[PDB]
Structures are given as structure tokens and as C-alpha cells.
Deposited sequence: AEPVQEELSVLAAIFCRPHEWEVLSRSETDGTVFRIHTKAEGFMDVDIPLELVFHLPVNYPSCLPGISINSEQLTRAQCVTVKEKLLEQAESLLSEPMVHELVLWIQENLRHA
């Protein structure tokens, strides 16, 4: 889908790291799975694996957080809540928004 592939292209551009960004898998069924590490902390280190089914952004993406500078107990809170404005930014490409939403943020403030 055009909006989705444009989002994928933009994300692939926004990051010009070395190990930034990867497309883990592509398929007509089940959709696209990709990985981003985006870095954030300054005081009191992120791997975000998004899954985009062929219904996204009308549907919810599958997420997962690894960040072994952080504990793991948060990752369930953070996945069960990066999920929220994911429901707010529903029906439209939300990945970029979430990504930049959380280097602002470590369930801070």
C-alpha cells in the first residue's frame, strides 16, 4: 500500500546510521517486519521491532522492545503503551511518530 511503502522509505531515509534499520521480512501475507534502534537516554539504548500487517495503519502494528541498559519489566508496560497513541495515530502511518515520541520519553513526566 502506497502510504505504508512511503512510510517505510521515509524511515529508511531518516536513519542513515550503519545498523539503524533493517527489513527483517517482506510478504504479501502477514506483511512486513522491520527493526530500528533509536537512541535516547541522558539520565535516569533501544531496539524496536515493528510488524506491519497488510491492514496497517487501519490495524495495530506488532511491537517489541529490547534495551538491556533498561530492565525488561518496563518492556511489557512500554509495549502495552507505545500501543496507545498508536491507537491515536490510527489509520495513518504512525511509526515515525512513535519512534520520535519515545526518545523524548522513557515513561517520563
item	value
Missing CA stretches, deposited numbering from 1, N-terminus first	45-48
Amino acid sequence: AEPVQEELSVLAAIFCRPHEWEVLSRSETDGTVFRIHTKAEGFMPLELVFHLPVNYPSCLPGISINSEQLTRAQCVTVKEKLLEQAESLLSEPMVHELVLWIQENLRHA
From here on, numbers count along this sequence of modelled residues.
| query | finding |
| --- | --- |
| Given 66-74 and 47-55, the range whose Cα B-factors average higher in the PDB entry | 66-74 |
| Comparing 23-31 with 80-88, the one whose average Cα B-factor in the PDB entry is higher | 80-88 |
| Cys16, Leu100, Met94, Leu11, ranked by C-alpha B-factor: the highest one | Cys16 |
